[PDB]
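Working notes for the structure below.
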Amino acid sequence: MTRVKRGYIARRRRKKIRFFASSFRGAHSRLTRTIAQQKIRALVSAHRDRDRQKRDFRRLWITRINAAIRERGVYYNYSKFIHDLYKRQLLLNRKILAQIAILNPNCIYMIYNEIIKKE
Amino acid sequence: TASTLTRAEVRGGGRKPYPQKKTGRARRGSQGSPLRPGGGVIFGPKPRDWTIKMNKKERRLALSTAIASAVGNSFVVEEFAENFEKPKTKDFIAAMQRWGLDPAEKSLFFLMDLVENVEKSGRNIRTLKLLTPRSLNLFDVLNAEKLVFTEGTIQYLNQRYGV
RNA sequence: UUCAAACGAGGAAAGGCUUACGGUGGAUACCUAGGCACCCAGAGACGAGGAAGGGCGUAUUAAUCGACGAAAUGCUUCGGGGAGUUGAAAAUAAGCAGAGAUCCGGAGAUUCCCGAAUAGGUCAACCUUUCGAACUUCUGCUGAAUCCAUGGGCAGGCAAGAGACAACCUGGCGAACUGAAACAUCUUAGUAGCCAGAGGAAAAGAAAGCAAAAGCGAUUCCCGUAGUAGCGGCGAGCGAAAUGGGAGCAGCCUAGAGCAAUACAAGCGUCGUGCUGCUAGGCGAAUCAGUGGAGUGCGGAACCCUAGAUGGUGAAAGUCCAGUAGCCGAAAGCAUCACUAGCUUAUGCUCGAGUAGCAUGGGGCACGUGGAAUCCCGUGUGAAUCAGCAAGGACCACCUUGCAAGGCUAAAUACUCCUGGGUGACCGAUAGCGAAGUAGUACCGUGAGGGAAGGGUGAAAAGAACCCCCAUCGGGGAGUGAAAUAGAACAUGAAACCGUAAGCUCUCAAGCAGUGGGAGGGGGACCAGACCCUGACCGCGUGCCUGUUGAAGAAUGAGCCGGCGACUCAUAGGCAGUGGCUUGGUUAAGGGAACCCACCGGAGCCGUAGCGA
RNA sequence: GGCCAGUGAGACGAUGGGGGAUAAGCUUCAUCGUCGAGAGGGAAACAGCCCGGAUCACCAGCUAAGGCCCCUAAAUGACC
RNA sequence: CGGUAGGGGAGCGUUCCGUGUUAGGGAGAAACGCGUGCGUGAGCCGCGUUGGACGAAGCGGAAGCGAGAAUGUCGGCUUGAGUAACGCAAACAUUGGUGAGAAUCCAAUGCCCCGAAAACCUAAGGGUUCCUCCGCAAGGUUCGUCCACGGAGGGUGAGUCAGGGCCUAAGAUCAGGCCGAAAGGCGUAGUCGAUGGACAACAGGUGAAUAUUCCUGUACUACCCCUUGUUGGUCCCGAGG
RNA sequence: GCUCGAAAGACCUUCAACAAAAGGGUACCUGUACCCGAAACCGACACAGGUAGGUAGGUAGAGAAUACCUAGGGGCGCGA
RNA sequence: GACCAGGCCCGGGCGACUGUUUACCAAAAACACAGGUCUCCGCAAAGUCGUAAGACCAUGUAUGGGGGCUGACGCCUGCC
RNA sequence: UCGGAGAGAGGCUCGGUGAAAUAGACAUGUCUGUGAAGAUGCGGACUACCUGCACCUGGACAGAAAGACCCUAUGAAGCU
RNA sequence: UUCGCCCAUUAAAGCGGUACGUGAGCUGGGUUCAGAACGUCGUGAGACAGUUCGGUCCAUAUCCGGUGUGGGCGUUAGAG
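Those protein sequence lines, which keep their order, are chains BS and BG.
The C-terminal residue of the first sequence carries number 119 in PDB author numbering, and the numbering is unbroken.
The C-terminal residue of the second sequence carries number 261 in PDB author numbering, and the numbering is unbroken.
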């Protein structure tokens with residue numbers, strides 16, 4: 001059955017898959033199949049890294065402080081630290097706000113003396 | 099009339115496969131594959147004649163709105179029976195010069211002045227259809243917003259579309 | 001400035017990524033005097049007075065084709081018509097021509113060899129006598145075996161025997177695969193296929209029919225009646241008829257004398273006349289100036305038009321050209337209708353005549369014998385014969401109807417090689433017929449037979465003098481053109497693939513390697529405001545699809561790319577959505593002054609009352 | 001009740017019983033759940049075991065199972 | 001609001017057509033990039049470059065409606081690759097000529113192989129591949145001024161050779177006729193078909209290519225006609241051979 | 001083909017037959033180039049495969065064996 | 001003395017032998033062969049080819065021919 | 001049995017011409033364990049500069065072959 | 001035939017895994033390819049984990065993994 005002639009139609013269905021493939025190391029950007037198995041990866045992993053992006057930092061923040069705990073005095077855990085604020089009443093200074101360690105370590109030094117007084 | 103290849107494998111030749119066993123090539127023959135060129139065709143349009151059977155009372159009342167929605171607006175009106183006399187066309191260009199729309203706004207010129215015969219002078223013009231005052235379908239009538247009639251044609255439209 | 005320790009960019013044979021510039025190659029978009037279908041109107045035939053199909057030749061050199069044929073791409077005659085003529089792929093050379101030099105059409109002459117061919121033979125287009133095939137019908141002349149008579153033979157006048165025939169049609173003979181979810185019944189096909197004959201229509205056809213005691217009443221074709229009834233391992237499956245509505249629609253011959261073949265009609269011809277068609281042909285309207293390489297484009301204005309169908313001309317006009325509406329023409333040669341004529345048959349009225357079954361074994365009717373006939377037969381026999389016989393799906397009686405044993409018969413109905421016009425929401429050279437450019441060729445096989453690839457530079461080619469390098473292959477310039485970043489691989493020319501240049505990453509780092517976080521570097525930013533492109537390193541992390549309870553794999557399919565490639569169509573039935581009408585609704589065939597498939601047609605089907613064998 | 005389906009060789013774990021030596025992710029039944037037609041977190045890596053069963057974004061918190069020396073976030077925390 | 005097979009509910013795009021010689025286009029489709037804005041998505045819109053012609057907005061209608069796999073089909077293009085191979089082991093080289101270049105061309109001096117053979121002649125087949133003058137991209141699995149490559153000319157002249165022509169075997173066909181559903185088979189007179197049989201010369205020379213055919217010297221057979229002598233001849237034959 | 005005989009049927013001073021000049025005329029039509037156990041044949045190619053007949057020398061030897069030499073034909077077409 | 005130019009003997013299974021054959025892996029104690037025997041036909045044969053005709057078989061003819069098994073020869077070939 | 005040496009045709013290098021089976025994609029190390037349970041690409045760990053040539057040649061259930069073995073499908077083709 | 005038995009030694013003259021190591025190495029002798037024959041089974045075609053004779057199993061390999069040998073670069077001022 002003489003189709004309606006794919007012509008340019010089936011031409012756009014492949015090049016569009018190539019435009020997306022313009023930053024890959026391997027030859028997964030110069031073939032519909034090599035990219036077919038490539039896009040799916042960036043089609044599944046993408047659906048993951050999007051939710052993993054939050055977890056990826058969940059360990060970071062804790063690690064950021066962890067490296068800052070092995071110097072002060074509370075060699076115990078940063079948990080007791082969080083416990084102090086919890087039992088206290090500070091809904092601030094979150095895992096993200098833990099950036100006070102690196103820059104201006106003078107502010108993060110105050111809470112260090114406020115956690116001991118509470119507990 | 100999109101006649102295609104009905105009996106695919108049944109073309110100018112026939113199916114004559116090769117020794118299909120321990121070779122490597124696809125297990126199949128040549129010609130009329132039809133996947134392979136120079137062969138027949140599996141599916142394809144056949145001599146069709148799509149002609150739905152319509153009733154009668156469903157058409158009469160379906161063509162009444164045609165002239166109804168026309169006379170409602172400000173389109174061309176009727177004329178007279180003396181329009182069948184004029185055997186020439188120039189007498190028409192001068193006539194349509196009075197009613198208006200000379201450069202022909204578009205294909206809006208559904209003419210239906212005559213009754214017995216056709217206006218061989220009104221068919222020459224680019225945009226204009228000479229339909230006989232009898233089976234005025236919804237197609238042509240709305241095909242051209244502008245439509246002109248007469249004192250006679252309007253009568254015949256009362257015989258069918260009416261009692 | 002000297003010794004050690006802790007670190008360290010810079011460096012690449014090559015490579016990866018992004019980007020720029022090309023090659024290979026080829027698709028797509030676009031356009032095609034050609035195919036694929038169909039409608040209307042014609043043509044359905046040629047041919048031993050020698051064909052289809054070919055070989056060998058022919059023009060001024062001239063291989064291949066289109067014709068023709070050694071009066072060989074030309075001749076004779078008439079006509080139309082109008083000028084150029086020597087066909088085409090390539091000019092040129094040498095000319096014929098301005099009231100018959102070509103071309104177009106009809107009527108004739110010519111038409112080697114081979115092929116029915118018909119001289120014999122034959123690896124066809126060759127050979128050898130020679131003007132001769134062999135048969136059917138008729139006539140004459142001869143004439144065996146035994147007196148006649150024949151047989152046989154000879155001669156002459158016709159026809160027949162050929163197309164190795166495209167479909168339709170009649171007749172003879174005659175499967176399987178497959179269906180019956182197994183398969184020998186059955187069905188599937190009495191199709192395909194083989195063979196014979198004729199017409200262009202054939203076949204069939206005015207009825208010992210059907211129905212029925214109402215009446216119709218030739219055959220064939222179409223739509224219904226029922227795809228019911230019936231038939232069948234009543235399984236598969238196949239499939240009536242009566243009747244009704246339409247297209248079409250006329251009925252006649254053969255089957256002892258006298259006066260006697262005059263009248264009335266039907267079927268034809270040697271030829272010719274007329275109407276209407278076919279094969280050449282003629283008449284056939286209308287504007288400019290401005291932008292652009294060019295305009296038939298746009299803007300202003302005007303004109304023709306029963307002809308703005310269409311196409312072409314260097315890009316969309318109806319007004320440039322060829323045509324188109326309409327109006328005319330054809331010394332002749334012909335088809336189909338009428339009117340008149342050689343010859344044979346055929347013809348009126350009256351009074352008659354009027355052509356013999358079944359049992360068994362088969363086929364065909366929807367019917368595979370079953371209660372189930374009838375029709376056509378192989379074989380053995382074989383009555384009556386119109387105050388007689390047959391048919392009414394066993395038979396019988398009654399009644400009714402019809403009476404064949406010999407034949408002919410237009411139209412409605414079928415199909416198509418081919419012809420002319422036109423149409424088609426058919427395709428467009430990996431499409432469509434295998435063939436839209438000298439392919440069913442070139443090639444493969446002994447052969448039957450099988451069976452491609454390959455499209456367009458531009459409007460006109462002005463398709464590239466000369467100059468420079470080389471072996472006087474090839475290229476670059478100079479020029480032509482609006483373009484050759486169009487030039488003979490040439491249009492628009494992507495992808496797979498193959499390279500150069502530039503930025504970044506890249507030797508102590510490994511696992512379908514991307515992704516998230518993410519430094520540095522080469523650039524681009526904003527009169528900071530921390531962003532847009534590459535990416536060290538880091539956390540995770542075993543293609544897709546198919547088939548499976550279950551795989552990433554040692555489960556399988558796939559080298560890449562372009563194109564191409566798999567539930568469409570017809571009829572019918574049952575539902576859902578929706579629409580018109582409504583216990584009513586709705587047609588099929590056909591007719592049709594049909595811009596139009598309306599109107600008419602309601603023959604027929606479905607539903608509201610059912611149930612029961 | 002009506003229209004269109006799909007699928008009839010499933011596997012595994014816990015539990016209650018036939019087969020085998022109560023040997024097998026073996027085979028044959030019943031029941032529940034999972035896989036099979038739902039990831040992910042955890043058992044190093046193991047679909048069928050456990051938790052929980054994914055409309056989506058988010059450098060947002062708190063939890064389940066499983067854990068908290070380092071390697072991948074988290075107690076070499078206290079008492080016996 | 002995970003989702004296979006499946007069921008149900010909504011849309012985009014492609015070719016064409018109706019609504020369209022309305023409108024957009026040579027101040028210009030198609031092919032590629034970009035704006036990475038927009039929609040749930042397949043995509044759409046605008047635009048630069050290149051390029052050369054038309055294409056087509058909206059709704060609906062009719063579709064041969066978009067595949068990276070069916071050991072698919074057609075064509076082109078990678079990789080193993082530039083690894084193997086360059087095809088009996090009868091080695092080769094040199095001095096010169098010509099040419100842009102030649103170990104393999106030509107010419108000369110030799111080596112080496114074969115020697116009933118990789119000599120010549122002839123039949124079948126092939127069929128112009130023979131000769132000469134030039135050219136070479138392609139064909140010669142190296143080049144090539146070489147070639148049985150390509151493009152132009154030239155060349156096969158016998159009554160005695162051979163094939164036709166007489167005759168004939170296996171065998172084929174085959175008037176009339178005998179048979180067979182049609183077709184056709186078989187088969188005789190007769191008529192075809194061979195590797196069979198039947199009349200007739202060679203030796204030299206000549207040409208770039210032919211020669212028992214051209215030329216020279218020397219001969220032969222058969223038929224018809226004519227002259228002379230003698231004698232009786234005579235069919236699809238009998239007999240001998 | 002040739003020779004001879006043919007109820008001497010037909011012919012019958014004829015036409016013919018044999019021979020002689022081994023006179024004269026005539027003897028029409030085709031192929032015949034090249035190769036041919038060869039690379040132009042048959043096998044897809046210039047694949048050492050296969051393929052009838054004829055002529056066929058010197059020396060050693062029984063021998064168209066074999067080896068070495070004639071005439072003649074080649075070194076087989078990628079090299080170092 | 002080069003080229004050229006049988007390896008020999010002994011015992012044993014089977015087939016007498018020569019020959020033929022699975023043309024492109026088996027050629028063998030396979031097959032074939034003569035010998036012997038059984039059986040059918042006096043015939044236009046049986047029988048084979050063919051729907052037929054016709055024809056092969058034999059223009060011979062039962063010391064013929066056709067079909068089957070066996071199958072050189074030597075000793076033999078039982079019972080049912 | 002322990003084979004060695006030498007002479008030729010290839011192999012190796014260079015110059016000219018110039019293939020293939022096959023292949024989803026590559027930055028295709030080993031080992032233990034695990035895994036529809038004998039994978040380099042999973043997990044842990046060890047080892048390891050990047051890139052050729054020649055050669056030996058186990059892995060990639062390598063390549064060619066939808067196997068001629070078995071079974072299945074009320075398949076087919078012959079034979080008795 | 002692995003094995004085993006036998007003759008003759010050694011200090012002793014081991015077992016087992018490695019898809020019963022090893023055919024992308026040879027051998028392929030045995031054994032489910034086609035031939036043939038004996039015995040047996042069936043009327044027969046054939047059949048039988050009985051025996052006997054004969055009976056073509058390829059490949060210049062990229063990578064992984066090895067036997068060896070190089071081309072660059074990095075150890076940093078450049079080299080021996």
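Ideal Cβ placement from N, Cα and C applies to all residues, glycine included.
Within the segment 126 to 144 of chain BG, the residues whose Cβ lies closer than 7 Å to any Cβ of chain BS are, in chain order, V139, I140, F141 and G142. Using a C-beta cut-off of 8 Å, the segment 95 to 103 of chain BS makes contact with the segment 59 to 66 of chain BS, since at least three inter-stretch Cβ pairs fall below that distance. Nearest in C-alpha terms to BG/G130, of all of BG/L103, BG/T187 and BG/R146, is BG/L103.
Note that the C-beta distance between BG/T187 and BG/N215 is not below 9 Å. For BG/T104, there is no enclosing alpha helix (DSSP H), since its DSSP letter is neither H nor E. Secondary structure of BG/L228 (DSSP, three-state): strand.
DSSP, read as helix, strand or coil, puts BS/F57 in helix. From the listed residues BG/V261, BG/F247 and BG/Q257, the smallest Cα separation to BG/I165 is found for BG/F247. Taking 9 Å as the threshold, the shortest C-beta distance from BS/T2 to chain BG falls below it. When DSSP reads this structure, BS/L97 sits in no beta bridge, so it has no partner. Under the three-pair Cβ rule at 8 Å, the segment 237 to 251 of chain BG counts as touching the segment 173 to 190 of chain BG. Beta-bridge analysis with DSSP links BS/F19 to no other residue.
Around the beta carbon of BS/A21, 16 or more other beta carbons lie within 10 angstroms, which makes this residue buried. The beta carbon of BG/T104 does not come within 9 Å of any beta carbon belonging to chain BS, so the residue lies off that interface. Nearest to BG/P135 by C-alpha distance, out of BS/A10, BS/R50 and BS/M1, is BS/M1. Between BG/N235 and BG/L159, the C-beta spacing is not below 9 Å.
In the structure shown, the three-state DSSP call for BG/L209 is strand. Taking the CA atoms as reference points, BG/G142 sits about 39 Å from BS/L43. Nearest in C-alpha terms to BG/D238, of all of BG/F208, BG/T99, BG/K114 and BG/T149, is BG/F208. In the DSSP assignment, BG/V246 is bridged to BG/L209. Considering only BG/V169, BG/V139 and BG/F173, the residue with the shortest C-alpha distance to BG/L206 is BG/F173.
BS/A27 and BS/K39 have their alpha carbons spaced roughly 13 Å apart. Under the three-state reduction of DSSP output, BS/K117 falls in the helix class. By the CB criterion at 9 Å, BG/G137 and BG/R109 fall inside the cutoff.
With respect to the C-alpha of BG/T99, the residue from BG/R258, BG/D147 and BG/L240 having the closest C-alpha is BG/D147.
Annotation: BG/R157 to BG/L245 spans about 20 Å, alpha carbon to alpha carbon. Judged by DSSP in its simplified three-state form, BS/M1 adopts coil rather than helix or strand.
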